[PDB]
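Scroll down for the structure; my scribbles are underneath it.
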Amino acid sequence: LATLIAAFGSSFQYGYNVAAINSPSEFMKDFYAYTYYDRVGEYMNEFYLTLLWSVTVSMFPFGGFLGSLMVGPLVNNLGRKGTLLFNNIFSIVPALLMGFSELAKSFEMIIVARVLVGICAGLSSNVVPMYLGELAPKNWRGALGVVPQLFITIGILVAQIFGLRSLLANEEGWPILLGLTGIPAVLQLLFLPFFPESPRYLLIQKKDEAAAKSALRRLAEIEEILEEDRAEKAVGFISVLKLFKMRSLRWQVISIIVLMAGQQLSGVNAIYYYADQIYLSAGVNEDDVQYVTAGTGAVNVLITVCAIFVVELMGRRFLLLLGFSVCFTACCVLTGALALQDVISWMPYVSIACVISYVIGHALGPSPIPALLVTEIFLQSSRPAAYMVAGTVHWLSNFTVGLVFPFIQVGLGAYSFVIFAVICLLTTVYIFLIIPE
């Protein structure tokens with residue numbers, strides 16, 4: 001039960017690394033600045049420290065983009081569980097890199113570690129539902145729709161409570177907080193080895209029938225069912241180019257690009273990355289920020305443990321529309337209470353509610369649904385190529401929002417969220433006019 005739950009818990013390690021850089025950030029930037037003139041001797045420019053931190057944060061979703069490309073040759077060779085072991089021992093390297101980063105320097109042990117810890121996440125985000133998908137029985141499969149998403153939300157919360165001002169978030173304790181991401185990796189390297197392998201991979205790729213049957217009975221019925229990896233071999237798979245070329249799939253491709261971009265450019269990760277800096281940016285006391293972000297993640301989990309049943313029962317289109325609308329109206333009123341701060345103390349309580357109300361709205365339609373629709377609206381042939389398009393749009397949008405947002409709230413100030421409302425509005429219009437159930 002516990003190890004069964006901790007088997008797919010690689011999603012937790014993703015959720016951890018997303019918010020893991022929010023809390024220590026204040027104490028971390030100092031580490032950059034004084035390390036700089038402890039070598040060079042001159043102070044680092046105010047902008048370049050902001051440019052360098054934007055890199056630290058945005059290397060993670062960039063690494064995921066690279067790492068998500070490798071999932072194809074890896075699982076076609078190493079296997080599902082095999083690849084899952086590969087990145088785990090490979091996840092220890094960036095983990096201890098940040099943990100011992102206290103010793104030498106940030107320039108490598110952090111930034112180069114962030115891209116390396118991103119490769120693991122972008123890689124597992126495919127393999128994990130892939131490994132769990134082939135193991136699951138025929139009829140009962142899709143119960144995993146919001147299930148790993150729940151673990152991502154917990155990872156965010158854990159990083160926030162461990163990133164509390166009191167516990168690991170401080171000058172001396174932050175490397176322990178960063179390096180703590182390797183603990184569930186070394187924890188998974190224990191329980192997973194005696195977990196069953198992939199039956200579909202062993203029979204088809206490895207051509208071993210005895211290896212497929214033995215792991216099947218743990219759970220020639222399913223054995224002959226795997227002949228659908230033969231029938232599908234003749235059907236072939238559409239390329240990424242032919243996706244755009246096909247007039248049949250155009251309003252599909254256009255939609256997932258809009259959904260994946262809209263989801264990420266909505267500024268959802270702009271929060272979990274920058275939440276500490278976001279709350280400070282309006283009404284919140286320097287002490288209160290570390291406490292309120294921890295609550296924002298708690299709310300996020302409560303909505304996610306809800307939306308698992310809500311997503312399938314309430315429909316695909318409505319929840320999607322309702323979400324981007326809430327995320328739109330929460331941006332206006334926020335940009336908003338940020339704009340005029342003279343009404344304090346009346347304003348800041350509103351701003352905090354706006355961030356919470358945004359999280360709630362995004363955690364229903366915008367976050368879970370787009371990934372689901374790609375599996376549905378695309379045929380088996382175009383499904384592998386469709387995934388890559390959606391994936392590339394997701395990570396690179398995630399990349400840019402993590403990149404530009406410090407410069408946005410620096411440049412646009414209290415208007416920082418105006419660009420997100422424009423996105424939410426444009427997305428809500430598209431998913432209204434075009435996308436049906």
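In the structure tokens, chains take the letters A, B, ... in the order shown, each chain's residues start at 1, and ligands count up from 1 in the order shown.
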What's the 6 Å shell around range 156-173 of chain A, counting only C-alpha atoms, without same-chain residues fewer than 4 positions away, as a CSV table (one decimal) with N, CA and C atoms, in the first residue's frame?
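Output file out-v1.csv follows:
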chain,number,residue,atom,x,y,z
A,15,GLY,N,6.9,17.7,-8.4
A,15,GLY,CA,6.2,18.7,-7.6
A,15,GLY,C,7.0,19.4,-6.6
A,16,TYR,N,8.0,18.6,-6.0
A,16,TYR,CA,8.9,19.2,-5.1
A,16,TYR,C,9.8,20.2,-5.7
A,19,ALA,N,8.4,24.0,-6.5
A,19,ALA,CA,8.3,25.0,-5.4
A,19,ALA,C,9.6,25.0,-4.6
A,20,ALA,N,10.6,24.1,-4.8
A,20,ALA,CA,11.8,24.0,-4.0
A,20,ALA,C,12.7,25.2,-4.1
A,23,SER,N,11.1,29.2,-1.8
A,23,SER,CA,11.4,29.5,-0.5
A,23,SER,C,12.8,30.0,-0.2
A,24,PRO,N,13.8,29.2,-0.6
A,24,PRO,CA,15.2,29.5,-0.3
A,24,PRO,C,15.7,30.7,-1.1
A,27,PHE,N,17.5,33.7,0.5
A,27,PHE,CA,18.8,33.4,1.0
A,27,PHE,C,19.8,32.9,0.0
A,177,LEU,N,17.5,21.5,1.9
A,177,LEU,CA,16.2,21.6,1.3
A,177,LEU,C,16.2,21.2,-0.2
A,290,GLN,N,6.2,33.4,4.0
A,290,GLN,CA,6.6,32.0,4.1
A,290,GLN,C,5.4,31.1,4.6
A,294,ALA,N,2.6,28.5,2.0
A,294,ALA,CA,2.4,27.1,2.5
A,294,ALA,C,0.9,26.8,2.5
A,297,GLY,N,-0.5,26.2,-1.2
A,297,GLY,CA,-0.2,24.9,-1.7
A,297,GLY,C,-1.2,23.9,-1.0
Against range 368-383 of chain A, which residues of range 247-289 of chain A fall within 7 Å? For each one I want the closest pair of atoms and the distance in Å (one decimal), counting only C-alpha atoms, rows by chain and increasing residue number, as JSON lines.
{"residue": "A:256", "atom": "CA", "partner": "A:374", "partner_atom": "CA", "distance": 6.9}
{"residue": "A:259", "atom": "CA", "partner": "A:370", "partner_atom": "CA", "distance": 6.0}
{"residue": "A:260", "atom": "CA", "partner": "A:370", "partner_atom": "CA", "distance": 6.7}
Please provide as a short mmCIF file (atom, residue, chain, number, x, y, z; two decimals) with N, CA and C atoms, in the first residue's frame all residues within 12 Å of residue 87 in chain A, with the sequence filter that same-chain residues fewer than 5 positions apart are discarded (counting only C-alpha atoms).
data_model
loop_
_atom_site.label_atom_id
_atom_site.label_comp_id
_atom_site.auth_asym_id
_atom_site.auth_seq_id
_atom_site.Cartn_x
_atom_site.Cartn_y
_atom_site.Cartn_z
N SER A 10 7.45 9.36 -8.37
CA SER A 10 8.34 10.24 -9.12
C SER A 10 7.65 11.57 -9.45
N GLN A 13 8.47 14.08 -6.84
CA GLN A 13 9.79 14.67 -6.99
C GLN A 13 9.76 15.83 -7.99
N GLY A 67 14.60 16.31 -21.68
CA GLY A 67 14.39 15.00 -21.09
C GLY A 67 13.17 14.27 -21.61
N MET A 70 13.83 12.20 -24.87
CA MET A 70 14.61 10.98 -24.75
C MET A 70 13.76 9.78 -24.33
N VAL A 71 12.50 10.04 -23.98
CA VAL A 71 11.63 8.98 -23.48
C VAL A 71 11.39 7.92 -24.55
N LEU A 74 14.59 5.54 -24.92
CA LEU A 74 14.91 4.91 -23.64
C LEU A 74 13.97 3.75 -23.32
N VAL A 75 12.66 3.99 -23.41
CA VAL A 75 11.69 2.96 -23.08
C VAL A 75 11.60 1.92 -24.19
N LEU A 78 15.69 0.45 -22.75
CA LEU A 78 15.83 0.11 -21.34
C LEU A 78 14.55 -0.48 -20.76
N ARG A 80 10.30 0.23 -19.44
CA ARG A 80 9.57 1.19 -18.61
C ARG A 80 10.22 1.31 -17.24
N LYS A 81 10.19 0.22 -16.48
CA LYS A 81 10.80 0.20 -15.16
C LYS A 81 12.31 0.39 -15.25
N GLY A 82 12.90 -0.11 -16.33
CA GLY A 82 14.32 0.02 -16.57
C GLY A 82 14.78 1.46 -16.68
N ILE A 92 20.35 11.28 -8.45
CA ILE A 92 21.15 11.46 -7.24
C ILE A 92 22.25 12.48 -7.52
N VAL A 93 22.70 12.53 -8.77
CA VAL A 93 23.77 13.44 -9.17
C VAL A 93 23.38 14.92 -9.01
N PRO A 94 22.25 15.35 -9.61
CA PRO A 94 21.91 16.77 -9.39
C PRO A 94 21.45 17.05 -7.96
N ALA A 95 21.00 16.02 -7.26
CA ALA A 95 20.49 16.17 -5.90
C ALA A 95 21.61 16.53 -4.93
N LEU A 116 19.66 19.32 -15.05
CA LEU A 116 19.82 17.88 -14.91
C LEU A 116 18.69 17.26 -14.08
N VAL A 117 18.14 18.02 -13.15
CA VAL A 117 17.03 17.53 -12.34
C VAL A 117 15.73 17.72 -13.12
N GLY A 118 15.78 18.55 -14.15
CA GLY A 118 14.63 18.76 -15.01
C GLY A 118 14.48 17.65 -16.03
N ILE A 119 15.61 17.13 -16.49
CA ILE A 119 15.64 16.03 -17.45
C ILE A 119 14.95 14.81 -16.85
N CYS A 120 15.17 14.58 -15.56
CA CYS A 120 14.54 13.46 -14.86
C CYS A 120 13.02 13.60 -14.81
N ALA A 121 12.56 14.82 -14.55
CA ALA A 121 11.13 15.09 -14.40
C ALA A 121 10.39 14.99 -15.73
N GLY A 122 10.93 15.64 -16.76
CA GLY A 122 10.34 15.58 -18.08
C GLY A 122 10.35 14.19 -18.66
N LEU A 123 11.31 13.38 -18.22
CA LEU A 123 11.42 11.99 -18.67
C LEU A 123 10.39 11.10 -17.99
N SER A 124 10.25 11.26 -16.67
CA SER A 124 9.37 10.41 -15.88
C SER A 124 7.89 10.72 -16.13
N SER A 125 7.59 11.97 -16.47
CA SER A 125 6.21 12.41 -16.71
C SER A 125 5.54 11.60 -17.81
N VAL A 127 7.12 8.15 -18.83
CA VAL A 127 7.34 6.77 -18.39
C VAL A 127 6.39 6.30 -17.28
N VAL A 128 6.11 7.16 -16.31
CA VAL A 128 5.31 6.77 -15.15
C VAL A 128 3.87 6.37 -15.53
N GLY A 182 16.50 14.18 -3.51
CA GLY A 182 17.09 12.89 -3.85
C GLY A 182 16.66 11.77 -2.92
N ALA A 185 14.04 9.67 -4.35
CA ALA A 185 14.68 8.96 -5.45
C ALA A 185 15.39 7.71 -4.94
N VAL A 186 16.10 7.84 -3.82
CA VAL A 186 16.80 6.72 -3.23
C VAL A 186 15.79 5.83 -2.50
N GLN A 188 12.77 5.28 -3.84
CA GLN A 188 12.14 4.55 -4.93
C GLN A 188 13.10 3.49 -5.48
N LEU A 189 14.40 3.71 -5.30
CA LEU A 189 15.40 2.75 -5.75
C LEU A 189 15.40 1.49 -4.89
#
**Message:** Excluding residue 58 in chain A and its own-chain neighbours fewer than 6 positions away, which residues fall within 8 Å of it when counting only C-alpha atoms? Please give them as number ranges by chain.
**Reply:** A: 398-403
Would you mind exporting N, CA, C and O atoms of the selected residues as an mmCIF file, in the first residue's frame?
data_model
loop_
_atom_site.group_PDB
_atom_site.id
_atom_site.type_symbol
_atom_site.label_atom_id
_atom_site.label_comp_id
_atom_site.auth_asym_id
_atom_site.auth_seq_id
_atom_site.Cartn_x
_atom_site.Cartn_y
_atom_site.Cartn_z
ATOM 1 N N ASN A 398 6.329 26.834 -20.206
ATOM 2 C CA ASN A 398 6.744 26.748 -18.811
ATOM 3 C C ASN A 398 8.120 27.380 -18.639
ATOM 4 O O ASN A 398 8.400 28.024 -17.631
ATOM 5 N N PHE A 399 8.974 27.192 -19.637
ATOM 6 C CA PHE A 399 10.313 27.766 -19.635
ATOM 7 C C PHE A 399 10.288 29.288 -19.645
ATOM 8 O O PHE A 399 10.937 29.933 -18.823
ATOM 9 N N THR A 400 9.534 29.856 -20.578
ATOM 10 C CA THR A 400 9.524 31.300 -20.778
ATOM 11 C C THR A 400 8.881 32.058 -19.622
ATOM 12 O O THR A 400 9.335 33.142 -19.267
ATOM 13 N N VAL A 401 7.824 31.493 -19.045
ATOM 14 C CA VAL A 401 7.141 32.124 -17.919
ATOM 15 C C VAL A 401 8.048 32.129 -16.695
ATOM 16 O O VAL A 401 8.084 33.102 -15.940
ATOM 17 N N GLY A 402 8.788 31.043 -16.502
ATOM 18 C CA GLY A 402 9.779 30.995 -15.444
ATOM 19 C C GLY A 402 10.923 31.956 -15.713
ATOM 20 O O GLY A 402 11.569 32.447 -14.789
ATOM 21 N N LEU A 403 11.183 32.212 -16.991
ATOM 22 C CA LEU A 403 12.263 33.105 -17.394
ATOM 23 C C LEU A 403 11.932 34.588 -17.248
ATOM 24 O O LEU A 403 12.691 35.338 -16.642
#
**Asked** From the list A:235, A:390, A:284, A:331, which residue is nearest residue 346 in chain A when using only C-alpha atoms?
**Response** A:284
**Request:** Would you kindly return, as a PyMOL selection string, each protein, DNA or RNA residue with an atom no farther than 12 Å from any atom of residue 53 in chain A, considering only C-alpha atoms and excluding same-chain residues fewer than 2 positions away?
**Result:** chain A and resi 21-22+24-26+28-33+46-51+55-60+106-107+110-111+114+273-274+402-407
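Closest approach to residue 101 in chain A among A:339, A:332, A:220, A:176 is made by A:176 (distances from only C-alpha atoms).
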**Message:** Quick check, in Å to one decimal: how far apart do CA of residue 431 in chain A and CA of residue 262 in chain A lie?
**Reply:**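 If I compute the distance from CA of residue 431 in chain A to CA of residue 262 in chain A, I get 10.2 Å.
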**Request:** Take CA of residue 349 in chain A and CA of residue 271 in chain A and report the distance between them in Å, one decimal.
**Result:**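 Distance reported for this atom pair: 17.1 Å.
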**Fill in**
Computed gap from CA of residue 361 in chain A to CA of residue 325 in chain A is 7.9 Å
**Request:** For each of A:253, A:292, A:98, A:212, take the minimum atom-to-atom distance to residue 181 in chain A, counting only C-alpha atoms, then give the residue where this is smallest.
**Result:**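 For residue 181 in chain A, the nearest of the given residues is A:98.
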**Request:** Would you list the contacts of range 300-313 of chain A as a ChimeraX atom specification, taking every protein, DNA or RNA residue within 6 Å and counting only C-alpha atoms, but skipping same-chain residues closer than 2 positions in sequence?
**Result:** /A:146,150,153,297-298,315,364
**Message:** According to DSSP computed on the backbone, where in range 231-283 of chain A is there helix (DSSP H, G or I)? Give the residues as number ranges by chain.
**Reply:** A: 231-235, 241-245, 250-264, 269-280
Using N, CA, C and O atoms, can you write the selected residues to a file as a compact mmCIF listing (two decimals), in the first residue's frame?
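Written output follows (part-v1.txt):
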# COMPACT_ATOMS: atom_id res chain seq x y z
N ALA A 231 -0.83 -5.44 -34.62
CA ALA A 231 -1.87 -4.77 -35.39
C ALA A 231 -1.60 -3.26 -35.54
O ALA A 231 -1.85 -2.69 -36.60
N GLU A 232 -1.09 -2.63 -34.48
CA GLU A 232 -0.79 -1.20 -34.53
C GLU A 232 0.52 -0.91 -35.26
O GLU A 232 0.79 0.23 -35.62
N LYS A 233 1.33 -1.95 -35.48
CA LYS A 233 2.60 -1.79 -36.18
C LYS A 233 2.35 -1.51 -37.66
O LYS A 233 3.12 -0.80 -38.30
N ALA A 234 1.28 -2.09 -38.19
CA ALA A 234 0.92 -1.91 -39.59
C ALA A 234 0.23 -0.57 -39.82
O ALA A 234 0.38 0.03 -40.89
N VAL A 235 -0.51 -0.12 -38.82
CA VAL A 235 -1.21 1.16 -38.91
C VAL A 235 -0.20 2.30 -38.95
O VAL A 235 -0.45 3.35 -39.53
N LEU A 241 5.42 16.53 -38.77
CA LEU A 241 5.18 17.43 -39.89
C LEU A 241 3.81 17.18 -40.51
O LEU A 241 3.05 18.12 -40.75
N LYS A 242 3.50 15.91 -40.76
CA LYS A 242 2.24 15.52 -41.38
C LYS A 242 1.05 15.89 -40.49
O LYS A 242 -0.08 15.98 -40.96
N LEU A 243 1.31 16.11 -39.21
CA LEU A 243 0.29 16.60 -38.29
C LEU A 243 -0.25 17.95 -38.75
O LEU A 243 -1.46 18.16 -38.80
N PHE A 244 0.67 18.86 -39.08
CA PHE A 244 0.29 20.19 -39.55
C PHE A 244 -0.31 20.12 -40.95
O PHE A 244 -1.22 20.88 -41.28
N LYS A 245 0.22 19.22 -41.77
CA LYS A 245 -0.19 19.11 -43.17
C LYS A 245 -1.61 18.58 -43.32
O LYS A 245 -2.30 18.91 -44.29
N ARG A 250 -6.05 19.67 -38.24
CA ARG A 250 -5.62 21.05 -38.00
C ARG A 250 -6.30 21.69 -36.79
O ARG A 250 -5.63 22.25 -35.93
N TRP A 251 -7.63 21.61 -36.70
CA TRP A 251 -8.34 22.20 -35.57
C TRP A 251 -8.10 21.42 -34.28
O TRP A 251 -8.54 21.83 -33.21
N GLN A 252 -7.40 20.30 -34.40
CA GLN A 252 -6.94 19.52 -33.26
C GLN A 252 -5.59 20.05 -32.79
O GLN A 252 -5.44 20.47 -31.64
N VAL A 253 -4.60 19.98 -33.68
CA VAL A 253 -3.26 20.52 -33.43
C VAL A 253 -3.30 21.96 -32.92
O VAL A 253 -2.63 22.29 -31.94
N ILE A 254 -4.08 22.81 -33.58
CA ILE A 254 -4.22 24.20 -33.17
C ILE A 254 -4.76 24.31 -31.75
O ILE A 254 -4.35 25.18 -30.98
N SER A 255 -5.67 23.41 -31.39
CA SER A 255 -6.31 23.45 -30.07
C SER A 255 -5.37 23.07 -28.93
O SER A 255 -5.36 23.72 -27.88
N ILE A 256 -4.59 22.01 -29.12
CA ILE A 256 -3.70 21.55 -28.06
C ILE A 256 -2.53 22.51 -27.89
O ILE A 256 -2.00 22.65 -26.79
N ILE A 257 -2.13 23.16 -28.98
CA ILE A 257 -1.08 24.17 -28.90
C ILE A 257 -1.60 25.36 -28.09
O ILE A 257 -0.88 25.91 -27.25
N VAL A 258 -2.85 25.73 -28.33
CA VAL A 258 -3.50 26.81 -27.59
C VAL A 258 -3.71 26.42 -26.14
O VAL A 258 -3.47 27.21 -25.23
N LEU A 259 -4.16 25.18 -25.91
CA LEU A 259 -4.40 24.70 -24.56
C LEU A 259 -3.11 24.58 -23.75
O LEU A 259 -3.07 24.98 -22.59
N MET A 260 -2.06 24.02 -24.35
CA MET A 260 -0.80 23.84 -23.65
C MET A 260 -0.10 25.17 -23.40
O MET A 260 0.48 25.38 -22.33
N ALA A 261 -0.14 26.06 -24.38
CA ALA A 261 0.43 27.39 -24.20
C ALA A 261 -0.41 28.18 -23.22
O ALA A 261 0.12 28.79 -22.29
N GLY A 262 -1.72 28.16 -23.42
CA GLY A 262 -2.64 28.87 -22.55
C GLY A 262 -2.53 28.45 -21.10
O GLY A 262 -2.58 29.28 -20.20
N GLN A 263 -2.38 27.15 -20.88
CA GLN A 263 -2.21 26.59 -19.54
C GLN A 263 -0.98 27.16 -18.83
O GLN A 263 -1.07 27.60 -17.69
N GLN A 264 0.15 27.13 -19.52
CA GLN A 264 1.42 27.57 -18.94
C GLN A 264 1.63 29.09 -18.95
O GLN A 264 2.23 29.64 -18.03
N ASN A 269 2.66 28.44 -13.00
CA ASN A 269 3.95 28.13 -12.40
C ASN A 269 4.70 29.41 -12.02
O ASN A 269 5.66 29.37 -11.26
N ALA A 270 4.23 30.54 -12.55
CA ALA A 270 4.78 31.83 -12.17
C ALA A 270 4.53 32.07 -10.69
O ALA A 270 5.25 32.82 -10.04
N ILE A 271 3.50 31.41 -10.17
CA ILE A 271 3.19 31.46 -8.76
C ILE A 271 4.17 30.58 -8.00
O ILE A 271 5.03 31.08 -7.28
N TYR A 272 4.05 29.27 -8.19
CA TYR A 272 4.81 28.29 -7.41
C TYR A 272 6.32 28.50 -7.47
O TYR A 272 7.04 28.16 -6.53
N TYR A 273 6.81 29.06 -8.57
CA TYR A 273 8.20 29.50 -8.64
C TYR A 273 8.41 30.75 -7.77
O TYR A 273 9.28 30.77 -6.90
N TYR A 274 7.63 31.78 -8.05
CA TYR A 274 7.83 33.11 -7.47
C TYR A 274 6.93 33.51 -6.29
O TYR A 274 6.95 34.67 -5.88
N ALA A 275 6.12 32.58 -5.79
CA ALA A 275 5.10 32.88 -4.77
C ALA A 275 5.57 33.76 -3.61
O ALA A 275 4.87 34.69 -3.22
N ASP A 276 6.75 33.46 -3.06
CA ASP A 276 7.31 34.27 -1.98
C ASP A 276 7.51 35.72 -2.43
O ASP A 276 7.22 36.66 -1.69
N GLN A 277 8.02 35.88 -3.65
CA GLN A 277 8.29 37.20 -4.20
C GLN A 277 7.00 37.87 -4.67
O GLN A 277 6.91 39.10 -4.74
N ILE A 278 5.99 37.06 -4.99
CA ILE A 278 4.71 37.57 -5.46
C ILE A 278 3.93 38.22 -4.33
O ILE A 278 3.40 39.33 -4.49
N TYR A 279 3.85 37.54 -3.19
CA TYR A 279 3.12 38.07 -2.04
C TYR A 279 3.80 39.30 -1.46
O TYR A 279 3.13 40.28 -1.12
N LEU A 280 5.13 39.26 -1.36
CA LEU A 280 5.91 40.42 -0.94
C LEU A 280 5.64 41.60 -1.87
O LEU A 280 5.73 42.76 -1.46
**Request:** Would you mind telling me which residue in A:221, A:229, A:208, A:437 lies nearest to residue 318 in chain A when using only C-alpha atoms?
**Result:**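 So, comparing all the options, the nearest one is A:437.
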**Asked** So which one's closest to residue 236 in chain A, A:136, A:319, A:385, A:113? Using only C-alpha atoms, please.
**Response** A:385
**Asked** Taking into account only C-alpha atoms, which residue in the set A:248, A:88, A:214, A:428 is nearest to residue 199 in chain A?
**Response**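 Among A:248, A:88, A:214, A:428, it is A:214 that comes nearest to residue 199 in chain A.
By chain and then residue number, the residues within 9 Å of residue 144 in chain A are residues 129, 132, 133, 148 and 149 of chain A, counting only C-alpha atoms and disregarding those fewer than 4 positions away in sequence.
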